[PDB]
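*Asks:* Below is a structure I'd like to ask you about.
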Amino acid sequence: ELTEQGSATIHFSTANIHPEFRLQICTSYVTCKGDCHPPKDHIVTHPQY
Amino acid sequence: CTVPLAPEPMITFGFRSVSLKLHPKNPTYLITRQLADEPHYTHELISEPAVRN
Amino acid sequence: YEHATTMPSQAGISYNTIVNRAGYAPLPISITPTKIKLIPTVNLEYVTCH
């Protein structure tokens, strides 16, 4: 849900150590750029997303 | 029928590895298999304290 | 998470540090030594007097 001048927070999942993707939001494309880090667990109890 | 219940295994995690300390009260089957096209299953009867990596 | 550090052997003075896991929040660790003994293995042989 969008307000007029607010800021929308999304959650995503990746395998990229330097992820960079164009985020489509309803008309337009915004670029999301960052640096991901290794997680803390070796073996988890749910499959891959 | 009431069936017994073995002690909780002590799971130690590593990079692409699971270790299992297994202290059974009475002999107990450990049945493992991989969730891939080759399951490589392992039907074993463990009666003593044993570590399985 | 195995974290190794080193503390100087001096009482009274607080020793501070943090642990920076690469994608998480920093975890602060504080150790203040109070009283540092040194007890040898002591073996009585004899006593004497007047």
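As shown in the structure tokens, the chain order sets the letters A, B, ...; within each chain, residues go from 1, and ligands are also counted from 1 in the order they appear.
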Taking 6 positions as the minimum chain separation for residues in the same chain, which residues sit within 12 Å of stretch 3-12 of chain A when counting only C-alpha atoms? Answer as a list in words.
*Replies:*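 After dropping sequence-adjacent residues, the list is residues 19, 21, 23, 25, 32, 36 and 49 of chain A.
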*Asks:* Listing only residues of chain C within 10 Å of chain A, what is the closest atom pair and its distance in Å (to one decimal) for each, using only C-alpha atoms, sorted by chain and residue number ascending, as CSV?
*Replies:*
```
residue,atom,partner,partner_atom,distance
C:1,CA,A:40,CA,8.8
C:21,CA,A:40,CA,8.7
C:22,CA,A:37,CA,6.3
C:23,CA,A:37,CA,5.3
C:24,CA,A:39,CA,8.9
```
*Asks:* With a distance cut-off of 10 Å and only C-alpha atoms, select the neighbouring residues of stretch 34-37 of chain C, excluding the residue or stretch itself and same-chain residues fewer than 3 positions from it, and output the selection as a ChimeraX atom specification.
*Replies:* /C:9-14,31,40
*Asks:* What's the separation between atom CA of residue B:8 and atom CA of residue B:22, in Å to one decimal place?
*Replies:*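 Distance reported for this atom pair: 7.8 Å.
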*Asks:* Would you mind listing what lies within 9 Å of residue C:15 as a PyMOL selection string, with only C-alpha atoms counted and same-chain residues fewer than 3 positions away left out?
*Replies:* chain C and resi 7-8+29-33
*Asks:* Could you save those same residues with N, CA, C and O atoms as a short mmCIF file (atom, residue, chain, number, x, y, z; two decimals), in the first residue's frame?
*Replies:*
```
data_model
loop_
_atom_site.label_atom_id
_atom_site.label_comp_id
_atom_site.auth_asym_id
_atom_site.auth_seq_id
_atom_site.Cartn_x
_atom_site.Cartn_y
_atom_site.Cartn_z
N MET C 7 43.88 -9.69 26.74
CA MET C 7 43.70 -8.71 27.80
C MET C 7 44.99 -8.53 28.59
O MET C 7 45.65 -9.51 28.92
N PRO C 8 45.38 -7.29 28.89
CA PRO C 8 46.54 -7.09 29.76
C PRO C 8 46.24 -7.46 31.21
O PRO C 8 45.12 -7.31 31.70
N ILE C 29 31.53 -6.42 24.31
CA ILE C 29 32.02 -7.30 25.36
C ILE C 29 32.91 -6.49 26.29
O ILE C 29 33.83 -5.80 25.84
N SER C 30 32.65 -6.58 27.60
CA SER C 30 33.39 -5.85 28.62
C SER C 30 33.87 -6.80 29.71
O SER C 30 33.08 -7.57 30.26
N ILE C 31 35.16 -6.72 30.03
CA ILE C 31 35.77 -7.53 31.07
C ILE C 31 36.59 -6.62 31.97
O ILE C 31 37.52 -5.96 31.50
N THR C 32 36.25 -6.57 33.26
CA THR C 32 36.97 -5.74 34.22
C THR C 32 37.60 -6.65 35.26
O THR C 32 36.88 -7.15 36.15
N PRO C 33 38.90 -6.91 35.23
CA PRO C 33 39.50 -7.80 36.24
C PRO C 33 39.64 -7.14 37.60
O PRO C 33 40.09 -6.00 37.71
#
```
*Asks:* Mind listing as number ranges by chain which residues of chain B are within 8 Å of chain A, counting only C-alpha atoms?
*Replies:* B: 13-18
*Asks:* Can you measure atom CA of residue A:34 to atom CA of residue A:47 for me? One decimal in Å is fine.
*Replies:* 24.5 Å
*Asks:* Please return as a PyMOL selection string: the residues of chain A that backbone DSSP assigns to strand (DSSP E).
*Replies:* chain A and resi 20-25+28-33
*Asks:* Taking N, CA, C and O atoms for each residue, export the selection above as an mmCIF file, in the first residue's frame.
*Replies:*
```cif
data_model
loop_
_atom_site.group_PDB
_atom_site.id
_atom_site.type_symbol
_atom_site.label_atom_id
_atom_site.label_comp_id
_atom_site.auth_asym_id
_atom_site.auth_seq_id
_atom_site.Cartn_x
_atom_site.Cartn_y
_atom_site.Cartn_z
ATOM 1 N N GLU A 20 22.123 -6.316 -7.520
ATOM 2 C CA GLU A 20 21.728 -5.090 -8.203
ATOM 3 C C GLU A 20 20.622 -5.448 -9.184
ATOM 4 O O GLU A 20 20.854 -6.209 -10.128
ATOM 5 N N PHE A 21 19.428 -4.907 -8.960
ATOM 6 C CA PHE A 21 18.278 -5.228 -9.789
ATOM 7 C C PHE A 21 17.385 -4.009 -9.943
ATOM 8 O O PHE A 21 17.367 -3.117 -9.091
ATOM 9 N N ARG A 22 16.645 -3.983 -11.044
ATOM 10 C CA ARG A 22 15.665 -2.941 -11.298
ATOM 11 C C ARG A 22 14.351 -3.352 -10.654
ATOM 12 O O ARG A 22 13.756 -4.362 -11.043
ATOM 13 N N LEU A 23 13.897 -2.575 -9.680
ATOM 14 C CA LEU A 23 12.657 -2.868 -8.980
ATOM 15 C C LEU A 23 11.507 -2.163 -9.681
ATOM 16 O O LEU A 23 11.401 -0.934 -9.627
ATOM 17 N N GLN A 24 10.648 -2.934 -10.332
ATOM 18 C CA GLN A 24 9.439 -2.393 -10.931
ATOM 19 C C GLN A 24 8.422 -2.120 -9.839
ATOM 20 O O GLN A 24 8.089 -3.017 -9.059
ATOM 21 N N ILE A 25 7.933 -0.891 -9.778
ATOM 22 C CA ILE A 25 6.817 -0.558 -8.910
ATOM 23 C C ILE A 25 5.772 0.191 -9.741
ATOM 24 O O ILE A 25 5.832 1.417 -9.910
ATOM 25 N N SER A 28 7.090 2.213 -12.877
ATOM 26 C CA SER A 28 8.455 2.692 -13.018
ATOM 27 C C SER A 28 9.450 1.713 -12.415
ATOM 28 O O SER A 28 9.096 0.834 -11.628
ATOM 29 N N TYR A 29 10.712 1.891 -12.780
ATOM 30 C CA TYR A 29 11.790 1.000 -12.383
ATOM 31 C C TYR A 29 12.789 1.782 -11.546
ATOM 32 O O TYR A 29 13.324 2.796 -12.004
ATOM 33 N N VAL A 30 13.044 1.315 -10.331
ATOM 34 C CA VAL A 30 14.068 1.906 -9.485
ATOM 35 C C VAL A 30 15.167 0.880 -9.257
ATOM 36 O O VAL A 30 14.923 -0.330 -9.215
ATOM 37 N N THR A 31 16.392 1.375 -9.137
ATOM 38 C CA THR A 31 17.570 0.527 -9.035
ATOM 39 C C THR A 31 17.935 0.348 -7.571
ATOM 40 O O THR A 31 18.084 1.330 -6.836
ATOM 41 N N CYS A 32 18.068 -0.902 -7.148
ATOM 42 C CA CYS A 32 18.426 -1.237 -5.779
ATOM 43 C C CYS A 32 19.808 -1.871 -5.794
ATOM 44 O O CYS A 32 20.013 -2.897 -6.447
ATOM 45 N N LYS A 33 20.753 -1.256 -5.083
ATOM 46 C CA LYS A 33 22.158 -1.642 -5.129
ATOM 47 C C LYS A 33 22.705 -1.759 -3.714
ATOM 48 O O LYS A 33 22.489 -0.865 -2.892
#
```
